[PDB]
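*Asks:* The structure under discussion is supplied below as structure tokens; questions concerning it will follow.
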Amino acid sequence: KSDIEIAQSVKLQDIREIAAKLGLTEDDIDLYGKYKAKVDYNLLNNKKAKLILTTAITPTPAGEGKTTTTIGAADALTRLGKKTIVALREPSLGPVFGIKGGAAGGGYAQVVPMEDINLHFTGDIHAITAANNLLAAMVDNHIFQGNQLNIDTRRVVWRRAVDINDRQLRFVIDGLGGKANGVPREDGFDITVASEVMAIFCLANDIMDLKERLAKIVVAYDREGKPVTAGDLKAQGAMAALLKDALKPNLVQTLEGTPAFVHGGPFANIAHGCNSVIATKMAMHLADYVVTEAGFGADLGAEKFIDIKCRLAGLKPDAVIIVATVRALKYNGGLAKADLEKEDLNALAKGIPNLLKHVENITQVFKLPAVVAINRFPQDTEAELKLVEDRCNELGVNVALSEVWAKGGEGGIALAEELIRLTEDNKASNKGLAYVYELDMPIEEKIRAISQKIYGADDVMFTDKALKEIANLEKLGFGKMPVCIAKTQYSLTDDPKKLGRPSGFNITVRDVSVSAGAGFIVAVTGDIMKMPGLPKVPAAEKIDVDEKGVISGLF
Amino acid sequence: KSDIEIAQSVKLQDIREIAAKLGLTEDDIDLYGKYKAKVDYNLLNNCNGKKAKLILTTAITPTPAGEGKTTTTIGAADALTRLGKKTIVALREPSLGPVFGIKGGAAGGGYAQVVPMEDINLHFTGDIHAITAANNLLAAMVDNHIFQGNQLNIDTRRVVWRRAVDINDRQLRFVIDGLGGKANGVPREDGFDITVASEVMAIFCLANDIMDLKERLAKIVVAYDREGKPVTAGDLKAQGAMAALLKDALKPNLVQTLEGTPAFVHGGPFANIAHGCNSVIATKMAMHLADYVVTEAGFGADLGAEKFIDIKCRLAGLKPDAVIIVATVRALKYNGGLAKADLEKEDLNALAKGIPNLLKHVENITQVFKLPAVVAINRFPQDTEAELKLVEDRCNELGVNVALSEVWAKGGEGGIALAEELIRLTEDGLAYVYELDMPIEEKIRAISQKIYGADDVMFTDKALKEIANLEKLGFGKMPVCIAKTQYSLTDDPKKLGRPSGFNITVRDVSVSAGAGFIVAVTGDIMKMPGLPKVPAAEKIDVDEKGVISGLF
Ligand SMILES: [K+]
Ligand SMILES: [K+]
Ligand SMILES: [K+]
Ligand SMILES: [K+]
Numbered sequence: 004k005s006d007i008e009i010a011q012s013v014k015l016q017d018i019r020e021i022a023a024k025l026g027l028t029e030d031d032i033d034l035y036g037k038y039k040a041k042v043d044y045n046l047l048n049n053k054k055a056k057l058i059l060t061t062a063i064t065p066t067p068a069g070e071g072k073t074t075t076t077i078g079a080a081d082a083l084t085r086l087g088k089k090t091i092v093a094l095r096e097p098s099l100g101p102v103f104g105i106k107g108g109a110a111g112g113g114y115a116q117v118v119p120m121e122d123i124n125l126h127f128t129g130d131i132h133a134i135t136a137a138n139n140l141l142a143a144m145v146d147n148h149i150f151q152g153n154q155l156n157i158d159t160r161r162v163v164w165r166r167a168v169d170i171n172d173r174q175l176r177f178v179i180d181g182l183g184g185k186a187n188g189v190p191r192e193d194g195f196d197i198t199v200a201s202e203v204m205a206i207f208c209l210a211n212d213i214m215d216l217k218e219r220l221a222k223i224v225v226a227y228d229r230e231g232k233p234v235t236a237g238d239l240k241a242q243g244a245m246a247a248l249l250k251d252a253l254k255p256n257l258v259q260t261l262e263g264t265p266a267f268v269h270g271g272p273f274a275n276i277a278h279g280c281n282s283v284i285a286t287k288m289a290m291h292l293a294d295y296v297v298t299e300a301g302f303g304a305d306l307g308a309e310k311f312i313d314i315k316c317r318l319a320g321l322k323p324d325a326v327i328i329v330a331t332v333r334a335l336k337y338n339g340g341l342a343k344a345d346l347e348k349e350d351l352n353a354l355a356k357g358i359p360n361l362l363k364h365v366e367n368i369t370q371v372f373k374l375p376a377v378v379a380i381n382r383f384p385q386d387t388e389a390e391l392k393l394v395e396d397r398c399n400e401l402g403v404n405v406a407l408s409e410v411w412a413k414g415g416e417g418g419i420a421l422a423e424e425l426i427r428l429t430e431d432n433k434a435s436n437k438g439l440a441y442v443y444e445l446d447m448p449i450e451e452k453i454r455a456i457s458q459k460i461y462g463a464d465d466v467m468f469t470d471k472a473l474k475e476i477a478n479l480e481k482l483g484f485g486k487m488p489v490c491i492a493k494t495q496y497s498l499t500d501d502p503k504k505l506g507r508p509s510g511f512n513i514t515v516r517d518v519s520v521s522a523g524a525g526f527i528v529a530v531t532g533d534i535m536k537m538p539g540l541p542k543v544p545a546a547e548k549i550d551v552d553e554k555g556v557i558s559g560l561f
Numbered sequence: 004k005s006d007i008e009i010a011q012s013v014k015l016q017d018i019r020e021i022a023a024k025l026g027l028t029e030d031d032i033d034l035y036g037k038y039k040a041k042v043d044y045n046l047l048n049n050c051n052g053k054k055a056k057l058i059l060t061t062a063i064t065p066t067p068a069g070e071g072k073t074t075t076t077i078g079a080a081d082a083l084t085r086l087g088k089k090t091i092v093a094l095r096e097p098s099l100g101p102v103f104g105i106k107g108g109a110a111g112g113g114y115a116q117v118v119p120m121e122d123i124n125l126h127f128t129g130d131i132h133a134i135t136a137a138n139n140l141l142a143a144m145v146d147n148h149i150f151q152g153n154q155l156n157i158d159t160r161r162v163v164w165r166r167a168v169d170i171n172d173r174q175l176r177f178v179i180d181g182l183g184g185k186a187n188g189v190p191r192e193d194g195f196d197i198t199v200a201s202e203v204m205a206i207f208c209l210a211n212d213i214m215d216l217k218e219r220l221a222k223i224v225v226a227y228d229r230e231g232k233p234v235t236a237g238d239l240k241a242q243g244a245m246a247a248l249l250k251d252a253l254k255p256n257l258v259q260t261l262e263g264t265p266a267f268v269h270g271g272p273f274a275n276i277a278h279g280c281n282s283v284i285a286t287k288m289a290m291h292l293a294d295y296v297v298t299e300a301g302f303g304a305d306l307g308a309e310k311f312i313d314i315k316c317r318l319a320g321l322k323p324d325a326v327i328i329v330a331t332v333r334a335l336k337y338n339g340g341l342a343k344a345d346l347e348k349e350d351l352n353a354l355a356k357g358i359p360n361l362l363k364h365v366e367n368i369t370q371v372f373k374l375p376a377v378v379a380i381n382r383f384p385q386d387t388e389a390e391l392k393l394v395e396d397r398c399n400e401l402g403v404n405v406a407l408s409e410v411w412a413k414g415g416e417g418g419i420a421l422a423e424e425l426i427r428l429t430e431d438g439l440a441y442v443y444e445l446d447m448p449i450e451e452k453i454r455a456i457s458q459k460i461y462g463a464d465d466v467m468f469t470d471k472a473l474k475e476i477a478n479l480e481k482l483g484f485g486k487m488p489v490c491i492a493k494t495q496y497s498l499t500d501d502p503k504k505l506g507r508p509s510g511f512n513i514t515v516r517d518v519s520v521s522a523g524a525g526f527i528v529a530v531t532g533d534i535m536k537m538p539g540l541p542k543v544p545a546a547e548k549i550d551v552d553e554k555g556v557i558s559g560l561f
């Protein structure tokens, strides 16, 4: 019984009745069909919820069902009589046509309508694409019309975008055709959700902060090295006007009718891998418990959820879910696929340190309440689960068995109860929030602080190129903001083949740039794909529509 | 009072009420906010009309300062509604591009508007994004096929498909893509057009339903192989996915006039390289849901009206019941040589030198297309009683009445005389300029001689060769779409008046095999406008509440 079969076999509730559960009326929402609606963001200036973060262990090529657990947890809280909202990211449209689409969640833990969310949804990503490309066209128009700001054509760092998996646009030359048609320069397209516009869209408090952030975008450098901004080009009003409706969070729902926001969807390497701040804040204003998540494992996603999103937005998670599976741990202990359906306590024993490292980071470094969610598969023996529970309990952390894939909200009551226990009226902590690094430190000491404390690196090495880039960013006033580290998700090191809990290793930063409007430094550790390619046989080939307009072949 | 202020000062009816006027339940429509809806296209095949009376709004040869064809189009519909006739106005959705370069504008004007005006000028219901995505998906699939082995044996230098963005971006007119070594694609020359110039928009507009959409896309010629044979979107298995991307967009957008007349706004191709009409599915939907439908075509009757009949009506199987030809006194005086500025003071000489242009359009409609015509004049206050009488007198001598229209100032009240005449014209086989079985040259000669009044048509040696390749490849039974300047009946924009003793020169001929017509270019054709020195974008702004200002 497919995710698509499951999603189609369930009568969804009209979105006005889902909105009713949040005390929203016809006047608070803009409908986009029967099962989708945008919530006016002006509600946010007239108490707040407990915030739960769903993160996970180091990911495998397949998955650990993080998003599925994130949905399942919210459905469970709802059943226990808690007014709850699950907040998630919108997937980009590109992959749907290359390597198949997929569910928001899975099993009986989904957010729906599945088909619309995968396609145009409410048009957020299209608005973001238009804004990015307007900016680019305004940069080139300015150069063409006389280049008053003295932009060095070879130093425009702003890139164009489309939400299609198109390798042909990674490296291009545009502005050709003689003097009436542009001025030649090297350029390229990123997949829309990699644009700084998407990261900014997700870190904005409101429409005004969006506009002020957009204005700070560095689009190019002039001929003596000084940054030129979207503000210099007077683009920020037009971009924000283009993003006016998009920035209203999208209200949809779970298979059990828990209210749900789907909004924003940045990269989790070159950006912070979270859904939008405005949506998270909206959920906390309308509910008593909010469940959300961040991309990849807890070394990237949660680190950036806390040290970037929470920091700049002024939020604090009240508890963290660390998702794990017996399979993924045994893979981390070096068992190799196809050999993972059999019980192996030795292999599991060698995989647990990874989980423990992530639990240690959440409980000791970030100092947050935590529960471990094992997504129970059928072949998970009684001993294997007991083993995970014992090792976790020795750090003082509980394990909840999650069966939400198979049973929906009923399969995550134990997790939900633990989360209620963990967050029990004890907010306390006038302290504030524990971050990995402080803002006033130099860029290399933040990268070092993250690499050592979170990844468990001995140290971080820097190339001469990286070092020079850091120096010039310190000068230009960018030395006092969060640092986003772009590395592989499949390992705690920057070498993806190093599984388990690696030690006696370093990270190596090869490139450092600023997302000035987003408000963070991006530190790349090698190669980061910004535009995926279509396979030999794209999924598009088998996507069809019939006489009556029903789409087939997306899943 | 400005157009946006009027559009923001009128209290609009919930679109569900508007839908009810047409007998549509909750149920039959997808709401996009309180004042917009998409109507399900499965209501077509549904049952059986009982088709409406179809009214085509066209115009004289345009000047830079427009003649308000759209406003008259909206007003004739509002008038008809006030005369108790169940009416829908059908219009084109405008592209986003120009709004950020030279500021947007009303859908119509004055008290003859379709609204919400802001939404229509931005993302609306997202139709143009779906189109852009479909076009750009196909382009990605063409390149992927080449990158992955190139079974179809495409010549990389003969990929004629082009990418799309709805931004006025001259930087993308001419590009090289597929650079960065073997891992990043295959080098070729390429470029973007503005989205609404893509064949996907023309096909979007000519499709009868979702199955006709899919089958038209399959026939898109994306490239040629190394031995001259066309490769298609169908060969790439792209048509299903393109249609999936366009599944919702293809449902017509139901909105309203200021007075609450049901309006469709849907589709919007060029009127030079394409046919300049709103979508067939929206017109057909309107003719199904109503008794009168008022719609329009881009530019003057030599371009828009010619193609509305010879391309849209031919392929869609429609027949207009009457034609409105819009003109103004100022426009005619301009066309009779009077050089701007003075287009304010009376000048019965210059008017009499402009009128022939009008009479040529009237002749083409009433004698060549053999259709009931009415000339509607958008009366300005500075128009003298004698100027207006001279236009009426010259028109009455050909058998055509003149209705004074003041729908700009007075709304539907100002189009009563026009509407009453339309009722009279529609109470008291379609004639095409050419037959499909004629060769391409002869079809181009037919339009040029009968409609523009040219002596003959000249072709370059390149055009003759291109034409011949299309004849042999089996594209010779298709309608022909002549792309040329709108500001003149010739292909020289300077030639105002009713020019005599001229020829047209066809310099380039290609095919939109999906859309089903040949495009014949006669001069420079700008498919991607650029931004001015100071883009309108610079003064567009949004406040903490999320109100946009500076858009108009
Ligand atoms: K999507
Ligand atoms: K560049
Ligand atoms: K538009
Ligand atoms: K080309």
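Going line by line, the protein sequences match chains B and A.
Read in order, the letters of the first sequence correspond to residues 4 to 49, 53 to 561 in the authors' numbering.
Read in order, the letters of the second sequence correspond to residues 4 to 431, 438 to 561 in the authors' numbering.
Virtual Cβ for every residue (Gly too), placed ideally from N, Cα, C.
1) List the DSSP bridge partners of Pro265(A).
2) Give the single residue among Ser98(B), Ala277(B), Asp350(B), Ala23(B) whose Cα lies nearest to the Cα of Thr387(B).
3) Put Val145(A) into one of helix, strand or coil per three-state DSSP.
4) How is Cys398(A) classed by DSSP in three states: helix, strand or coil?
5) Specify whether the region 280-295 of chain B and the region 204-213 of chain B touch according to this definition: at least 3 beta carbon pairs, one from each stretch, less than 8 angstroms apart.
6) Would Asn256(A) pass as an interface residue toward chain B - the criterion being a Cβ-Cβ separation below 8 angstroms?
7) If you draw a straight line from the alpha carbon of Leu15(A) to that of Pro119(A), how long is it in whole angstroms?
8) So for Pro233(A), helix, strand or coil by DSSP?
9) Looking at ligand 6, does it come within less than 7 angstroms of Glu192(A), judged from the CB to the closest heavy atom?
10) In chain B, what lies closer than 7 angstroms to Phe177(A) by C-beta?
11) Residues in the same chain with beta-carbon distance under 7 angstroms from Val405(A), minus the five sequence neighbours each way, listed in chain order, please.
12) Does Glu547(B) get closer than 8 angstroms to chain A when you measure Cβ to Cβ?
13) For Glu553(A), go through chain B and note every residue whose CB falls closer than 9 angstroms to its CB, in chain order.
14) Quick check on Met120(A) - is its C-beta less than 8 angstroms from some C-beta in chain B?
15) DSSP state of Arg176(A), grouped into three classes?
16) Please state the DSSP three-state secondary structure of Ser201(B).
17) First and last residue of the alpha helix (DSSP H) that includes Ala308(A)?
18) In angstroms with no decimal places, state the Cα-to-Cα distance between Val371(B) and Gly462(B).
19) Take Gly113(A) as the anchor and find which of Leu239(A), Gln11(A), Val163(A), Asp305(A) has the nearest alpha-carbon.
20) Note down, in chain order, each residue of its chain lying with its Cβ closer than 7 angstroms to the Cβ of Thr135(A), except the 5 sequence neighbours on either side.
21) Assign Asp228(A) to one of three DSSP states: helix, strand, or coil.
22) For the region 543-556 of chain B against the region 491-501 of chain B, are there 3 or more C-beta pairs whose distance is under 8 angstroms?
23) For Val13(A), which residues in the same chain have their Cβ closer than 8 angstroms to its Cβ, ignoring the five residues on either side in sequence?
24) Can you tell me the Cβ-Cβ gap for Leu141(B) and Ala241(B), rounded? I've got them flagged as a contact below 8 angstroms.
25) Using a Cβ-Cβ cutoff of less than 7 angstroms, which residues in the same chain neighbour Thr75(B) once the five nearest sequence positions on both sides are dropped?
26) Secondary structure at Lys4(B), three-state DSSP: helix, strand or coil?
27) Please list, in chain order, the residues of the region 258-272 of chain A that have any C-beta partner in chain B closer than 7 angstroms.
28) Might you give, ordered along the chain, the residues of its own chain that have their beta carbon closer than 6 angstroms to the beta carbon of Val203(B), omitting 5 neighbours on each side?
29) Would you tell me roughly how many angstroms separate the C-alpha atoms of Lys106(A) and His269(A), rounded to the nearest one?
*Replies:* Quick look at the numbers:
1) In the DSSP output, where bridge partners are listed per residue, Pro265(A) has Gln259(A).
2) The shortest CA-to-CA distance from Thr387(B) to any of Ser98(B), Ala277(B), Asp350(B), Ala23(B) is the one to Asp350(B).
3) The answer is helix: DSSP assigns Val145(A) an H, G or I state.
4) When secondary structure is reduced to three states using DSSP, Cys398(A) falls in the helix class.
5) Touching, yes, given that three or more Cβ pairs across the two stretches are closer than 8 angstroms.
6) Interface flag for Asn256(A) against chain B is unset, since no Cβ pair is found closer than 8 angstroms.
7) For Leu15(A) and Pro119(A), the distance between alpha carbons rounds to 8 angstroms.
8) Here DSSP, grouped into helix, strand and coil, assigns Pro233(A) to strand.
9) This structure does not include ligand 6; its bound ligands are ligand 1, ligand 2, ligand 3 and ligand 4.
10) Taking the beta carbon of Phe177(A) as reference, the chain B residues within 7 angstroms of it are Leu182, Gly183, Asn187, listed in sequence order.
11) Sequence-distant Cβ neighbours of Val405(A) in its own chain, meaning closer than 7 angstroms and more than five residues away, are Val378, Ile380, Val394, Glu395, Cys398.
12) Taking Cβ atoms only, chain A reaches closer than 8 angstroms to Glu547(B), which makes this a yes.
13) Scanning chain B for C-beta atoms nearer than 9 angstroms to the C-beta of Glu553(A) yields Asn45, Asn48, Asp212, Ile213, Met214, reported in chain order.
14) False, the Cβ-Cβ gap to chain B never drops below 8 angstroms.
15) In the three-state scheme derived from DSSP, where H, G and I count as helix and E and B as strand, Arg176(A) is classed as coil.
16) For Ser201(B), the secondary structure class from DSSP, reduced to helix, strand or coil, is coil.
17) For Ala308(A), no alpha helix (DSSP H) encloses it, and the DSSP letter there is neither H nor E.
18) Going by the C-alpha atoms only, they are around 12 angstroms apart.
19) If we check each option's Cα against that of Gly113(A), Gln11(A) comes out closest.
20) Only residues of its own chain outside the window of five on either side were considered, and among them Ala167, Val168, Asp169, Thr198 have a CB closer than 7 angstroms to the CB of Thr135(A), listed in chain order.
21) Strand at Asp228(A).
22) With the rule of 3 Cβ pairs closer than 8 angstroms, the region 543-556 of chain B does not count as touching the region 491-501 of chain B.
23) Correct list, in chain order: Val118, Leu261.
24) Confirmed, about 5 angstroms.
25) Here the set comprises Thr60, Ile327, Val329, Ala379, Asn381, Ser408, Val410.
26) Residue state for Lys4(B) is assigned as coil, using DSSP reduced to three classes.
27) Along the region 258-272 of chain A, there is no position whose C-beta sits under 7 angstroms from a C-beta of chain B.
28) Hits under 6 angstroms: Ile134, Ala137, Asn138.
29) The alpha-carbon atoms of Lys106(A) and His269(A) are separated by roughly 21 angstroms.
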